[PDB]
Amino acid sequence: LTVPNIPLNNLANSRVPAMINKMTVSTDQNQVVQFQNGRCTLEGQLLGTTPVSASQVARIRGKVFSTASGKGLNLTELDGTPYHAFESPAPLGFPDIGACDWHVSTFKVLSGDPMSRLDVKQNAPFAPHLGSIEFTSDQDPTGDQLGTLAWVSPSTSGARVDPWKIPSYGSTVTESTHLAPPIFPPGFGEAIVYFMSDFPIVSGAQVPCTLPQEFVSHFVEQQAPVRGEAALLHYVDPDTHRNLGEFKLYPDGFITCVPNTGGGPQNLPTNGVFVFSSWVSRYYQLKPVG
């Protein structure tokens, strides 16, 4: 088993198109999240809407159609192939930043200004599982539009954006839908490690994810057999080669540490490299970090 031989600051966020700039633990270490991007088992099984490449993360593609009040998108996959409402929550790569307005910069798959900003609300017509969303735009997009989440803002005036939330994918979502399951803190002083990125959030501050995107592609590419209850990783300074801290990587595809009280992995340098050390039991005690 290996993990990417790449320093943390050269790893991409799996929920927004941005580069990780620190690790942290949640203020409430019992907080449960249910991110739909950045989800992949250690054996290489993608979960939720998680795609393989960093350039598929938080992107939308679809055909413009007429809706009672304006225009909307009939969604496709990002490669333009049809999106059929099935097991997944939405097309692969579809953004998972919940409970906020999205602003998505798209182009028609040119003369003049080719870009349209699609302003998308997560209200009643927001139905990504069924394959459609609505938008308003100050431009006039038509046809096959492909684009990327550019920024997010509050759903209503006075509200704040919480990028730790996920969307509601629609009324057509049932128990048969393949939503990635919650990530539960596994107990005994361990805390989930969140990888944070700067991103434009109006009235907000950083966007968390639970796996750097290159970890996802690594697991998919490798299809490695899981040979223990957790993978013990060391976070190594690539210049001095010193071991800076112990982490556990769990088969369901998330990472934990034991944060020192009043600290944690947010106090480690952000240029270290994770390195697989050994397979360990589920209750293997970690040395506290940070």
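Between two forms, the rigid core is defined as the largest C-alpha subset superposing within 1.5 Å. All residue numbers refer to positions in the sequence shown, first residue = 1.
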**Complete:** Quick note, superposing on core in 5 other deposited structures of this protein and taking C-alpha RMS, the more shifted stretch of 235 to 243 and 249 to 257 is 235 to 243
**Message:** Comparing against the shown form in 5 other deposited structures of this protein, which stretch has the larger RMS C-alpha deviation after a rigid core superposition, 159 to 167 or 77 to 85?
**Reply:** 77 to 85
**Request:** Output yes if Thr172 is unmodelled in at least a third of the other compared entries of this protein, no if it is modelled in all of them.
**Result:** yes
**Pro154 left out of the model in a third or more of other PDB entries** = no
**Message:** In terms of residues present in the deposited sequence but not modelled, what lies between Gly204 and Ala205: none, 1 to 3, 4 to 9, or 10 or more?
**Reply:** 1 to 3
**Message:** In terms of residues present in the deposited sequence but not modelled, what lies between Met115 and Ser116: none, 1 to 3, 4 to 9, or 10 or more?
**Reply:** none
**Stretch exceeding the other in mean C-alpha B-factor - 245 to 253, 220 to 228** = 220 to 228
**Item:** Per the entry, higher mean C-alpha B factor between 6 to 14 and 278 to 286
**Value:** 278 to 286
**Prompt:** From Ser66, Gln56, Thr49, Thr240, pick the one with the largest CA B-factor in the entry?
**Reply:** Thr240
**Prompt:** For the listed residues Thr81, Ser171, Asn74, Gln122, which one has the largest C-alpha B-factor as given in the deposited model?
**Reply:** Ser171
**Fill in**
Entry-reported C-alpha B-factor of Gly62 relative to its chain, by third, is lowest
**Asked** When the modelled residues of the chain are sorted by Cα temperature factor, does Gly38 land in the lowest, middle or highest third?
**Response** lowest
**Asked** Within this chain, which third does the Cα B-factor at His103 fall in: lowest, middle or highest?
**Response** lowest
**Item:** Ranked against its chain, the third holding the CA B-factor of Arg160
**Value:** highest
**Prompt:** Relative to the other modelled residues in the chain, which third contains the C-alpha temperature factor of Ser88: lowest, middle or highest?
**Reply:** middle
